[PDB]
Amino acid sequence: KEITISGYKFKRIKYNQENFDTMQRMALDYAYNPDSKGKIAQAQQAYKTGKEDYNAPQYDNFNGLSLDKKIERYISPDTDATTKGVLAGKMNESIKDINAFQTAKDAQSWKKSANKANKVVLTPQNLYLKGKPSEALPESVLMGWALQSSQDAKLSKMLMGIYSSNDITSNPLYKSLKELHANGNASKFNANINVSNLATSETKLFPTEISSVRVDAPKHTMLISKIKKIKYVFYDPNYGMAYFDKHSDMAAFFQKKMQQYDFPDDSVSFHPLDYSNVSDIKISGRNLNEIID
């Protein structure tokens, strides 16, 4: 009925799942394609025009309709390309709420799957990035420093708080993530271990009692860390952070999650992070501490 992710409540939306799925499949066909031509291109142009002018008064009759009714009209063949675009425009906030509730449910399931963790902090980036492209690389690098400096709880809250932005491109943390992402800025933190043998490679993976390893995967970045009581932490920017008392439990969980992603073993690699020069490295004039502040 309701799911709370790090202080934010996500409400279950009532809708016909089958009709919703039909609409989503159709929406992929109406998305703008520079390669399309002729009649398909015309339908795409008309759909986009309606979607951006979705409060055109000649469609006011749709304003009184329930979500399920709007979806039924969208998927019906007697609505033309323009009208479908308008309907997508009018449904856009509802569709975002539906997607957010599903992401929250996915995050709760991820937390439940971490049954040997002593703590899980959920910060699913798809919730707070508002459909913007993934920022998993700078999130992982920044959280590595947060974890080594006892600022991980603060940074988790700051990341999730981006969900509250009314202008994400003017949010200072998001802007810093985009900047840390680029120009090999992230590579400035670069200092025989694979997914199968991770559980038996603790003292090799983490040379020091406080260290972090960047995980590179297909179009994704994650992080594993050892922090001093000692905690072993897996941070997946798509979900959050799972804290374990035992390295072998953290590694078993990480391996289960890689198989869940269906990443081949040779596509997942491990890269030591070094924060020895974190005082000197400036991202748009801000060090990593100032970004976390």
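Numbers follow the displayed sequence, beginning with 1.
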task: Select one of none, 1 to 3, 4 to 9, or 10 or more to describe the deposited residues without coordinates separating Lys69 and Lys70.
output: none
query: If you count the residues of the deposited sequence that sit between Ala191 and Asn192 but have no coordinates, do you get none, 1 to 3, 4 to 9, or 10 or more?
result: 4 to 9
Mean C-alpha B-factor comparison - 133-141 and 208-216, higher one: 208-216
message: So, looking at the entry's B-factor column for Cα atoms, which has the higher mean, 278-286 or 265-273?
response: 278-286
task: Return the residue from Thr200, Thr83, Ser149, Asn171 that has the highest Cα B-factor in the entry.
output: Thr200
query: Highest CA temperature factor in the entry: which of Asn61, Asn33, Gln259, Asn238?
result: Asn33
- prompt: Where does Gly184 sit by CA temperature factor within its chain: lowest, middle or highest third?
  reply: highest
query: Can you tell me which third, lowest, middle or highest, the CA B-factor of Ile224 falls into for its chain?
result: lowest
- prompt: Split the chain's modelled residues into thirds by Cα B-factor; is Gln102 in the lowest, middle or highest one?
  reply: lowest
- request: Determine, from the deposited record, the chain-internal third of the Cα B-factor for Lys111: lowest, middle or highest.
  value: middle
task: Can you work out whether the C-alpha temperature factor of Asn55 puts it in the lowest, middle or highest third of the chain?
output: lowest
